[PDB]
2 protein chains.
Amino acid sequence: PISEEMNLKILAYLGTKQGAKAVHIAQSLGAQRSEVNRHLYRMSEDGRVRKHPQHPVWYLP
Amino acid sequence: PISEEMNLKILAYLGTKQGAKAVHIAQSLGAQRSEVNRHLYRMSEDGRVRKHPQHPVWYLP
DNA sequence: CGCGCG
DNA sequence: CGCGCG
């Protein structure tokens with residue numbers, strides 16, 4: 001499922017970086033890569049985060 | 001697979017009608033709804049299209 | 001190697 | 001009912 005609280009933890013982390021990989025987001029939150037990726041991709045649908053067009057690297061809009 | 005040619009056709013439809021549903025894009029292009037959605041969701045990852053936060057309706061940023 | 005998939 | 005899933 002989707003945790004809005006997980007969404008907010010990810011957004012807060014991205015707010016401290018200039019682009020980040022899910023593996024490092026997961027490391028820094030103490031979460032699993034799959035959970036972080038599930039949330040990143042869903043947030044990207046409506047524009048809350050954005051992925052590099054070629055690389056698995058994530059940014060705030 | 002993902003066709004960049006298909007991406008451009010979908011973007012062109014959206015440029016004509018904001019707030020479109022996949023079924024209507026598919027009808028116009030002569031494609032399957034599932035194919036159109038596969039491309040919409042992948043384009044949403046890097047912000048080329050954007051989904052409505054609550055509905056399967058699509059916008060062009 | 002991109003993987004998120006329920 | 002959101003479904004895109006390979």
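Naming convention: chains lettered A, B, ... in sequence-line order (proteins, then strands); numbering from 1 in each chain.
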- Query: Roughly how far, to the nearest 0.5 Å, is OH of A/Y13 from OG of A/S28?
  - Reply: 3.5 Å
- Item | Leading and trailing nucleotides of DNA chain C with any atom under 4.0 Å from heavy atoms of chain A | C/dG2 to C/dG6
- Message: Ring centroids only, cut at 6.0 angstrom: are B/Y41 and B/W58 within range, meaning strictly under it?
- Response: yes
- Query: Hey, what do you get for NZ (B/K51) to CZ (A/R42), rounding to the nearest 0.5 Å?
  - Reply: 9.0 Å
- Pairwise P distance, C/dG4 and D/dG2 [rounded to whole Å]: 26 Å
- Message: Any residue in residues 28-40 of chain B with a heavy atom nearer than 4.0 angstrom to DNA chain D? Just list them by number, or reply none.
- Response: B/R33, B/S34, B/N37, B/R38
- Item | Shortest non-hydrogen separation from B/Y59 to B/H52 and the atoms involved | OH-CD2, 3.4 Å
- Note on the structure: Between A/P1 and A/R38, the two heavy atoms sitting closest are O-NE, 3.0 Å
- Message: To the closest 0.5 Å, what do you measure between CD (A/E35) and CD1 (A/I2)?
- Response: 8.5 Å
- Item | For the student: nearest non-hydrogen atoms of B/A20 and B/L14, plus distance | CB-CD2, 3.8 Å
- Quick one: do B/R48 and B/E4 make a salt bridge, cutoff under 4.0 Å? yes
- Which heavy atom of B/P61 sits nearest a heavy atom of B/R50, and at what distance? CB-NH2, 3.6 Å
- Using a strict cut-off of less than 4.0 Å between a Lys/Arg side-chain nitrogen and an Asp/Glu carboxylate oxygen, indicate whether A/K9 and A/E5 qualify as a salt bridge. no
- Item | Base-pairing string, 5' to 3', of DNA chain D - Watson-Crick or wobble, under 3.5 Å, | interstrand | ....||
